[PDB]
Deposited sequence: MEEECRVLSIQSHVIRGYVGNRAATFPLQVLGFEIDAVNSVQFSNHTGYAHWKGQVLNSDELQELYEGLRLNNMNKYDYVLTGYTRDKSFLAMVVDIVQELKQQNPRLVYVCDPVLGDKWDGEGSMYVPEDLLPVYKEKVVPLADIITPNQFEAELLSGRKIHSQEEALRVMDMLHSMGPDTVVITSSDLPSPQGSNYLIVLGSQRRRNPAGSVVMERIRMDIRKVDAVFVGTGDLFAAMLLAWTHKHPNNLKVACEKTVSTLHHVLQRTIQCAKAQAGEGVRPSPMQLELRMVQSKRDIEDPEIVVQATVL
């Protein structure tokens, strides 16, 4: 038995973002993940310097023809994240369409990377003309999506000020296409204090009996004093892995996903501090490799609230 994933994301030489944050973890859990590298840079763009090349829609299509010609275009999952250009994204959409025709049971996990917000206001970090494509072509095709608060607000067109508006926006997202919507981070208020970020998740599904039900959860995570890159990619990847293992249990899938990132960042936070005192982007690269054990079976450190 084998579960095949096609992950189209960026590659870097040094560090863990994109395909570099998604691949090792999924491989450790038994997945035959195939990495299509949308770009190859020396490191992520949060560093003072970075150089590299990008893959264009033509080349992505060639890579695909190669696979198709060998009749190797049969996947169980497809996984996308940061996509920098409309032309590429329209191509990723054509590829997902054909893979779904090839296999109707294919699950498309899509991280709709658009931007994020810093201390109150958010701004986009991909071309604005990608939003219409995400709205009309990509999300309708998705089975699981992992937007942060900023991205859900752009996808739904509604600002989110409360948990209830969050739920309403999540329902809106469900109606665009995906049965699983997880808001990966938000500045919603927590009763635990203000040094907490909020994760919300909602999954629609049919039970053996055949009724269409919805599981909803919330997690209040304590904030770590640092900026990490790649953890959004890691979140989407682990979510793929754990909903795959616990299909009818969003609570457990999310707790394992959020617990894995917690163990990775705790281990990362330790070494960052030891090597420094104000850690640079380099010292803050996720301690991926050293976290093998926590990825394989993470001790659950945060229980979710049931909504």
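Undergrad: Deposited sequence versus model: which ranges have no CA atoms?
TA: Unobserved in coordinates, per deposited numbering: 1 to 2, 279 to 281.
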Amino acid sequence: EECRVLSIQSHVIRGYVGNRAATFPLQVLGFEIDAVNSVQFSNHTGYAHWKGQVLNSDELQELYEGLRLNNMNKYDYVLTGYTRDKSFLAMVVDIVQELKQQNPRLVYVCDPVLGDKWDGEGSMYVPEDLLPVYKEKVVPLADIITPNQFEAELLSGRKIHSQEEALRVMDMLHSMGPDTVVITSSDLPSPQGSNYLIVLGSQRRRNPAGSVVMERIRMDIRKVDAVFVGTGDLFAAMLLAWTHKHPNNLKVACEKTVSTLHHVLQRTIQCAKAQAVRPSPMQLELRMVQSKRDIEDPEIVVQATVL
From here on, numbers count along this sequence of modelled residues.
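Rigid core (definition): largest C-alpha set, two forms, superposition within 1.5 Å.
Undergrad: Given a rigid core fit, name the stretch, 211 to 219 or 87 to 95, whose C-alphas are on average farther from the form shown here in 6 other deposited structures of this protein.
TA: Evaluated in 6 other deposited structures of this protein, the stretch farther from the shown form is 211 to 219.
Undergrad: Superpose by the rigid core and compare 231 to 239 with 182 to 190; which one moves more, by C-alpha RMS, in 6 other deposited structures of this protein?
TA: Farther from the shown form on average in 6 other deposited structures of this protein: 182 to 190.
Undergrad: Among the other PDB entries compared that flank it on both sides, is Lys159 unmodelled in a third or more?
TA: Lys159: modelled in every other compared entry.
Undergrad: Establish whether the other compared PDB entries of this protein leave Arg206 unmodelled at least a third of the time.
TA: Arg206: unmodelled in at least a third of the other compared entries.
Undergrad: If you average the CA temperature factors as listed in the entry, which stretch comes out higher, 115 to 123 or 153 to 161?
TA: Between 115 to 123 and 153 to 161, it is 115 to 123 that shows the higher mean C-alpha B-factor.
Undergrad: On mean Cα temperature factor in this entry, is 142 to 150 or 67 to 75 the higher one?
TA: The stretch with the larger average C-alpha B-factor is 67 to 75.
Undergrad: Taking the values straight from the PDB record, which of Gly52, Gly46, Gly30, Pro279 has the highest C-alpha temperature factor?
TA: The listed residue with the largest C-alpha B-factor is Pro279.
Undergrad: Which has the highest CA B-factor per the PDB entry: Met170, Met219, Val224, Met91?
TA: Max CA B-factor in the entry, restricted to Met170, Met219, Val224, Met91: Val224.
Undergrad: Give the position of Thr83 by CA B-factor within its chain, expressed as the lowest, middle or highest third.
TA: Answer is middle: the recorded C-alpha B-factor places it there.
Undergrad: Grab the CA temperature factor for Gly230 from the record and place it in the lowest, middle or highest third of its chain.
TA: For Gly230, the deposited C-alpha B-factor lands in the lowest third.
Undergrad: What third of its chain, lowest, middle or highest, does the C-alpha temperature factor of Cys110 fall into?
TA: As the PDB entry reports it, the C-alpha B-factor of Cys110 lands in the lowest third of its chain.
Undergrad: Pull the Cα B-factor of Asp34 out of the PDB entry and bin it into the chain's lowest, middle or highest third.
TA: Its C-alpha B-factor, which the entry lists for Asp34, ranks in the lowest third among residues of this chain.
Undergrad: Which third of the chain does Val252 land in by C-alpha B-factor: lowest, middle or highest?
TA: CA B-factor rank for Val252: middle third.
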